[PDB]
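Participant: Before we start, here is the structure in question, set down as structure tokens.
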Amino acid sequence: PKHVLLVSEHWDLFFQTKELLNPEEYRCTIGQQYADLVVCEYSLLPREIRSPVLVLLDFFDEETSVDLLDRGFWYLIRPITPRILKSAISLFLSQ
Amino acid sequence: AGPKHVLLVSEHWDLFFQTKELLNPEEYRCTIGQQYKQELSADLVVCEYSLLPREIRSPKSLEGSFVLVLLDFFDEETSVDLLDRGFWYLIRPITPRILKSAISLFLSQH
């Protein structure tokens, strides 16, 4: 079972997403601060680092997007639903 | 090894020309077409969702080109369907600086 760490305060997104993932294949946990895949809220992502991760953004901003991609991070911009996040987690870890 | 080849399937000629000029041609060679295909040399095909046939998939044991999809809009089931079919995507606005960075990240990771 691959380990997915969600770093977010969106508790409902964590629980509804985890419910959609087969626990024999994915083990989801939650964290307060910044695993096979880390999903991290932009608001909790340190500004000072490059990716060794999927980043969640509330809003579109061109500079923010360019900065994240250059630093090695893909992202989704809200709305982000449990079905979207479940399918994204699956696609990332299938590669 | 020579540059990686990126094929953009789009009618956004301005996005194409502006993105191509931001990419270092020693690392990335870009070309454009108006209907979905792959080419023997293509490492990555960047395809507008409006040009992406709905039946096709990017499979797990892929032996062909990677595909990144460009979407005009957000719709939940549209996004889930793309991801489940094997396609990552960007949703507009998509500027040349974003597309250049995305192409560069995708090809460095894959």
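Letters A, B, ... go to the chains of the structure tokens in the order shown; residues in each chain start at 1; ligands are counted from 1 in the same order.
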Define the interface residues of chain B facing chain A as those within 8 Å, counting only C-alpha atoms, and report them as a VMD selection string.

Facilitator: chain B and resid 60 76 79 to 80 83 to 84 86 95 97 to 98 101 to 102 105

Participant: Extract the full set of helix (DSSP H, G or I) residues from chain B according to DSSP on the backbone, and format it as number ranges by chain.

Facilitator: B: 13-22, 49-51, 76-84, 96-109

Participant: If you keep N, CA and C atoms, can you produce a file of those selected residues as a short mmCIF file (atom, residue, chain, number, x, y, z; two decimals), in the first residue's frame?

Facilitator:
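again.cif written:
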data_model
loop_
_atom_site.label_atom_id
_atom_site.label_comp_id
_atom_site.auth_asym_id
_atom_site.auth_seq_id
_atom_site.Cartn_x
_atom_site.Cartn_y
_atom_site.Cartn_z
N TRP B 13 -2.11 29.67 -32.39
CA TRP B 13 -0.82 29.95 -33.01
C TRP B 13 0.00 30.94 -32.16
N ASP B 14 -0.63 31.91 -31.50
CA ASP B 14 0.14 32.88 -30.70
C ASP B 14 0.75 32.22 -29.48
N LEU B 15 -0.01 31.36 -28.80
CA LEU B 15 0.54 30.56 -27.71
C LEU B 15 1.75 29.73 -28.21
N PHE B 16 1.60 29.09 -29.36
CA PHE B 16 2.67 28.30 -29.93
C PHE B 16 3.95 29.10 -30.17
N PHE B 17 3.84 30.19 -30.93
CA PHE B 17 5.05 30.95 -31.31
C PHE B 17 5.69 31.56 -30.05
N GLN B 18 4.87 32.04 -29.11
CA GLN B 18 5.40 32.67 -27.91
C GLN B 18 6.04 31.66 -26.97
N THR B 19 5.45 30.46 -26.87
CA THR B 19 6.03 29.44 -26.03
C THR B 19 7.33 28.94 -26.64
N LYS B 20 7.34 28.73 -27.95
CA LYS B 20 8.53 28.19 -28.61
C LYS B 20 9.73 29.12 -28.38
N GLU B 21 9.53 30.44 -28.45
CA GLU B 21 10.64 31.37 -28.26
C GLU B 21 11.18 31.39 -26.83
N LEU B 22 10.41 30.90 -25.86
CA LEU B 22 10.90 30.83 -24.48
C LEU B 22 11.67 29.56 -24.19
N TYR B 49 -7.97 20.22 -25.20
CA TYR B 49 -9.07 19.31 -24.92
C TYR B 49 -10.09 19.30 -26.07
N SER B 50 -10.36 20.47 -26.66
CA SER B 50 -11.26 20.49 -27.80
C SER B 50 -10.80 19.70 -29.01
N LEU B 51 -9.54 19.26 -29.04
CA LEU B 51 -9.01 18.48 -30.15
C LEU B 51 -8.69 17.06 -29.70
N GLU B 76 -16.05 19.13 -13.02
CA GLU B 76 -15.55 18.02 -12.20
C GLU B 76 -15.41 16.72 -12.96
N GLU B 77 -16.47 16.30 -13.68
CA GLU B 77 -16.44 14.97 -14.32
C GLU B 77 -15.51 14.99 -15.50
N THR B 78 -15.37 16.15 -16.19
CA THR B 78 -14.41 16.25 -17.28
C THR B 78 -12.98 15.98 -16.75
N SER B 79 -12.64 16.58 -15.62
CA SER B 79 -11.31 16.45 -14.98
C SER B 79 -11.11 15.02 -14.53
N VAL B 80 -12.12 14.45 -13.85
CA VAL B 80 -11.96 13.04 -13.41
C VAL B 80 -11.77 12.11 -14.61
N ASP B 81 -12.55 12.32 -15.67
CA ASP B 81 -12.43 11.47 -16.88
C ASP B 81 -11.02 11.55 -17.52
N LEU B 82 -10.46 12.78 -17.56
CA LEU B 82 -9.09 12.93 -18.12
C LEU B 82 -8.09 12.16 -17.28
N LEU B 83 -8.18 12.34 -15.97
CA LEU B 83 -7.18 11.72 -15.09
C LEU B 83 -7.29 10.18 -15.17
N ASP B 84 -8.53 9.70 -15.20
CA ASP B 84 -8.75 8.26 -15.23
C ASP B 84 -8.31 7.65 -16.57
N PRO B 96 2.21 31.73 -22.23
CA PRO B 96 3.45 31.08 -22.69
C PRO B 96 4.43 30.76 -21.57
N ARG B 97 4.57 31.62 -20.55
CA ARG B 97 5.48 31.30 -19.45
C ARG B 97 5.03 30.02 -18.71
N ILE B 98 3.74 29.84 -18.51
CA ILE B 98 3.27 28.63 -17.83
C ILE B 98 3.50 27.43 -18.70
N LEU B 99 3.14 27.52 -19.98
CA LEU B 99 3.27 26.33 -20.82
C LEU B 99 4.76 25.94 -20.96
N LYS B 100 5.65 26.93 -21.11
CA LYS B 100 7.07 26.62 -21.16
C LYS B 100 7.52 25.88 -19.91
N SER B 101 7.09 26.34 -18.74
CA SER B 101 7.50 25.72 -17.49
C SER B 101 6.92 24.32 -17.34
N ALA B 102 5.68 24.16 -17.80
CA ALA B 102 5.02 22.88 -17.68
C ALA B 102 5.67 21.84 -18.59
N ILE B 103 5.93 22.21 -19.84
CA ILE B 103 6.60 21.32 -20.77
C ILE B 103 7.96 20.91 -20.20
N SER B 104 8.67 21.88 -19.65
CA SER B 104 10.00 21.60 -19.08
C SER B 104 9.92 20.66 -17.87
N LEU B 105 8.93 20.86 -17.01
CA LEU B 105 8.77 20.00 -15.84
C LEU B 105 8.36 18.60 -16.29
N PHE B 106 7.39 18.51 -17.19
CA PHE B 106 6.88 17.21 -17.60
C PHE B 106 7.99 16.35 -18.18
N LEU B 107 8.76 16.94 -19.09
CA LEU B 107 9.83 16.19 -19.76
C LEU B 107 10.99 15.89 -18.83
N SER B 108 11.18 16.66 -17.75
CA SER B 108 12.28 16.37 -16.83
C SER B 108 11.90 15.21 -15.91
N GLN B 109 10.62 15.10 -15.58
CA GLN B 109 10.11 14.06 -14.70
C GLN B 109 9.91 12.70 -15.40
#

Participant: I want to know what sits within 10 Å of residue 40 (chain B), based on only C-alpha atoms, with residues of the same chain fewer than 4 positions away left out; could you give that as a list in words?

Facilitator: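 Counting only the stated atoms, we get residues 5, 64 and 65 of chain B.
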
Participant: When you look at residue 68 (chain B) with a cut-off of 6 Å (counting only C-alpha atoms), what residues show up, excluding the ones that are within fewer than 4 positions of it in the same chain? I need them as a VMD selection string.

Facilitator: chain B and resid 46 88 to 89

Participant: Next, the residues of the selection above should be written as a PDB file, in the first residue's frame with N, CA and C atoms.

Facilitator:
ATOM      1  N   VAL B  46       1.173  18.019 -26.649  1.00  0.00           N
ATOM      2  CA  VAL B  46       0.374  18.903 -25.761  1.00  0.00           C
ATOM      3  C   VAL B  46      -0.878  19.149 -26.571  1.00  0.00           C
ATOM      4  N   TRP B  88      -2.757  14.007 -17.575  1.00  0.00           N
ATOM      5  CA  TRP B  88      -2.628  15.183 -16.754  1.00  0.00           C
ATOM      6  C   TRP B  88      -3.032  16.416 -17.596  1.00  0.00           C
ATOM      7  N   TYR B  89      -3.316  17.542 -16.931  1.00  0.00           N
ATOM      8  CA  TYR B  89      -3.871  18.688 -17.682  1.00  0.00           C
ATOM      9  C   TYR B  89      -3.553  19.995 -16.978  1.00  0.00           C
TER      10      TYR B  89
END

Participant: Using only C-alpha atoms, pick whichever of B:30, B:7, B:90, B:71 has the shortest atom-to-atom distance to residue 44 (chain B).

Facilitator: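 Going through B:30, B:7, B:90, B:71 one by one, the smallest distance to residue 44 (chain B) is for B:7.
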